[PDB]
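Heads up, the thing below is written out as structure tokens.
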Amino acid sequence: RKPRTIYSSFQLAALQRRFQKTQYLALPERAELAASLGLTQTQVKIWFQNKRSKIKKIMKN
DNA sequence: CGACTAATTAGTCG
DNA sequence: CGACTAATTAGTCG
């Protein structure tokens, strides 16, 4: 397996700020966001999956 | 095709 | 240890 990414406080703040406004990203958005943070689109896509899952599990807790 | 999901697996750190 | 969460799996979706 791929080693676990360690997000810097800057990348996490940015992802969290974006998620407040955009829960699902369009492809061009995902590309722009990932490039802005020095990440791959896969790392961004997986962060959004996991963040959506965090919210859903709270909803069903 | 490649988005999504729930479930799972496994690393981080208070 | 345990909440958290990054990465993987095995499906669905029109």
Side-chain angles (χ1 to χ4, degrees), chain A residues 1-16 18-55 57-61:
Chain A
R1 58 193 287 133
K2 168 207 204 142
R4 190 182 164 106
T5 299
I6 301 286
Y7 290 107
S8 59
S9 56
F10 169 78
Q11 294 168 328
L12 294 172
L15 287 160
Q16 300 279 24
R18 188 54 178 266
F19 189 86
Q20 292 190 307
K21 292 203 181 162
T22 314
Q23 293 206 354
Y24 292 93
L25 297 176
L27 288 183
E29 294 177 321
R30 179 181 84 180
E32 189 185 43
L33 178 61
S36 81
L37 296 182
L39 295 172
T40 74
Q41 291 184 71
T42 303
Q43 285 173 296
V44 171
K45 181 184 80 177
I46 294 310
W47 189 94
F48 275 79
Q49 297 186 359
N50 285 324
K51 181 67 183 190
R52 287 197 296 266
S53 186
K54 189 202 174 77
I55 300 333
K57 287 180 201 281
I58 292 149
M59 287 174 34
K60 312 310 188 186
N61 73 9

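Throughout, a chain's letter reflects where its sequence line sits, starting with A, and its residues are numbered from 1.
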Determine the sugar pucker of [N]: a positive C1'-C2'-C3'-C4' angle counts as north, a negative one as south.
N	value
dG11(C)	north
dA3(B)	north
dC4(B)	north
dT5(B)	north
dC1(C)	south

Spacing of [X] atom [atom1] relative to [N] atom [atom2], expressed in whole Å:
X	N	atom1	atom2	result
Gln16(A)	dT5(C)	CD	P	7 Å
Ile46(A)	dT8(B)	CD1	P	18 Å
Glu29(A)	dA3(B)	CD	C1'	14 Å
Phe48(A)	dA6(C)	CZ	P	12 Å
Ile55(A)	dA6(B)	CD1	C1'	15 Å
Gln49(A)	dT9(B)	CD	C1'	15 Å
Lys54(A)	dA7(B)	NZ	P	17 Å
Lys45(A)	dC4(B)	NZ	P	8 Å

Are [X] and [N] close enough that a side-chain N or O sits under 4.0 Å from OP1 or OP2?
X	N	result
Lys51(A)	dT5(C)	no
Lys2(A)	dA6(C)	no
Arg52(A)	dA6(B)	no
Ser53(A)	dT5(B)	no
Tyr24(A)	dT5(B)	yes
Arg1(A)	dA10(B)	no

### Task
Flag the pair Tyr7(A) / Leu37(A) as yes when at least one side-chain heavy-atom distance between them is below 4.5 Å, and no otherwise.
no
### Query
Looking at CD1 of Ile46(A) and OG1 of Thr40(A), how far apart are the two atoms once the value is rounded to the nearest 0.5 Å?
9.0 Å
Please tell me which of the listed nucleotides, [options], lies nearest to the side chain of [X]?
X	options	result
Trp47(A)	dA6(C), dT5(B), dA3(B)	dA6(C)
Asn50(A)	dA3(B), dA6(B), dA7(C)	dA7(C)
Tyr7(A)	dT8(B), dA6(C), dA3(B)	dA6(C)

### Query
Would one find more than 12 heavy atoms of other residues, nucleotides or ligands at under 6.0 Å from atom CD of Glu32(A)?
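For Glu32(A), atom CD is not crowded (no more than 12 foreign heavy atoms under 6.0 Å).
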### Message
Tell me whether the bases of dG14(B) and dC13(B) count as stacked, where stacked means ring centres under 5.5 Å and an interplanar angle below 30 degrees.
### Response
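Stacking holds for this pair.
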### Message
Would the base of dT5(C) count as contacting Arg4(A) through its side chain, where contact means a donor and an acceptor less than 3.5 Å apart?
### Response
yes
## Note on the structure
Partner of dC13(C) under the Watson-Crick or G-U wobble criteria, both distances under 3.5 Å, comes out as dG2(B)
### Query
Do any N or O atoms from the side chain of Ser8(A) and from the backbone of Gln11(A) form a donor-acceptor pair under 3.5 angstrom?
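Checking the backbone N and O of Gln11(A) against the side chain of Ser8(A), a donor-acceptor pair under 3.5 Å is found.
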### Task
Kindly say whether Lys57(A) contributes a backbone atom to a donor-acceptor pair with the side chain of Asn61(A) at under 3.5 angstrom?
no
### Query
Cut-off 3.5 Å, side chains only: do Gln16(A) and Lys51(A) have a donor facing an acceptor?
yes
